[PDB]
Amino acid sequence: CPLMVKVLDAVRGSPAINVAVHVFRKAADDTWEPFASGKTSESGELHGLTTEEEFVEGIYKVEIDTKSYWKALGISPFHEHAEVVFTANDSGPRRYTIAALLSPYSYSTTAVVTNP
Amino acid sequence: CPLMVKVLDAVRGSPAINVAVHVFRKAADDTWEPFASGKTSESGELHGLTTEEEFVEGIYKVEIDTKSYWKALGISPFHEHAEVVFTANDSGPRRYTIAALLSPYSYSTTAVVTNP
Amino acid sequence: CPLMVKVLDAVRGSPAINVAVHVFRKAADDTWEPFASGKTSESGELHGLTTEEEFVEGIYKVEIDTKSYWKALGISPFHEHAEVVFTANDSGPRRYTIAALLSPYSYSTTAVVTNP
Amino acid sequence: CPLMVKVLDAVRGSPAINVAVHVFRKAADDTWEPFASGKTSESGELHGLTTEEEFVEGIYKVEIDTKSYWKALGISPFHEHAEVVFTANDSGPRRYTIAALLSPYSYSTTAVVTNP
């Protein structure tokens, strides 16, 4: 699998567990079409979203449902969700990790792109 | 000025100047309607986007055009843009500062919310 | 004011008020000598730490007393403090803003450096 | 091993490879005594720094030698190093991951503390 998502909690110092993640691919008419989805594991990670054959070049959006995560902890958050929008490019390294670090009023996101 | 956007560059240690910003508001049919737009000044700040009268309750999306910023400086970055999606004014009028700190493969965003 | 410190709270979406800050400068025997100190105001900012005359070339350490900040709000955080260590004025006088964004188990820090 | 260090590069979107890391423990006279050290691997990770028997409660400092990392890439950085100072506590979960995300003029750090 060429795409993994990892989510961390900056308030508790822990993985962010059971967070819903939705991935979309941009269609030719500029709409966002559902591509893959899941929930983070006990390690904060979501594996197996796609395959090499399916993950062709194009623009993708990863939506992390942060508002529901904070509400289940009893904490009032700012954002509706965190959105990560990027182009997949076959020239570059082949494995994409999209990571996010969550606080109630802030988030940080980075990409780690590597070649096995 | 109940909505201000501030952008910093983590590579240069400077304000991020001339960054385009587009704000949208979710309409009653669930589409994103254009609401306001502008670009950051020499201080990295974008003022004057809206007014207390026009900035009603709603779900707003602040799109910060990070790719165009980096490409103008000769850098091929990861993200298409940074998107900040939040509900505003649901407990009455507030003042919002949306800030972002930019790197080629990462960004952080936070909100400062005050009650005038 | 060639040195300013700004601190934000990522849990509340607000300035971090009443945060103690201690600045040190490395001496010719390699020890950290006390240089200046203060606390952040209602805006999260600490002004007036030093002057253009006293802020000579050197290696400086800005210690932001994050643990004491969180403990006063009822939160047991991870870090003792946040430390920012940098060489200043090695190409002539500059103005430095040291900013930090705080969560219980995380912090981000960045510098804005300008030439007056 | 109860302590792991992980370092990421926000400019290149990659692990930060071959970064020197030094760990110190605070002594009774308030000085910092060398405890363990190493260099990050090709995955940006440094394993095997200590053992359960040796990693007793106390105050520790993790110094990440970011300045040398950026200089070897040809990039002028701001900080001398990144410093992470924290108390180890036997009550909490048993495995500490200290992670840092590096840019030339900024860094973010978080702790992930979990129980096997």
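In this document, chain identifiers A, B, C and D correspond to the written order of the chains, with residue numbering beginning at 1 in each.
Everything that follows uses one rule, which is that contacts are C-beta pairs under 8 Å (C-beta built on N, C-alpha and C of every residue); 3 or more make two chains touch, one makes a residue touch a chain.
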item: From the options B-C, A-C or C-D, the pair that copies A-D, where over half of the contact pairs coincide; value: B-C
item: Contact-richer chain pair [B-C vs B-D]; value: B-D
item: Chain A and chain B: spacing of chain centres that average the CA atoms, whole Å; value: 21
item: Centre-to-centre distance between chain C and chain B (centres being mean Cα positions), rounded to whole Å; value: 26
item: Separation of mean Cα positions, chain D and chain B [Å, integer]; value: 33
item: Multi-chain contact residues (two or more partners), chain B; value: 10, 13, 78, 101, 103, 105-106, 108, 110-111, 113
item: Residues of chain A touching chain D in the complex; value: 8, 10, 13-15, 101, 108, 110-114
item: Chain A partner contacts - residues on chain C that touch it in the complex; value: 9-13, 78, 101, 103-106, 108
item: Interfacial residue positions of chain C with respect to chain D in the complex; value: 59, 78-81, 83-87, 103, 105-111, 113
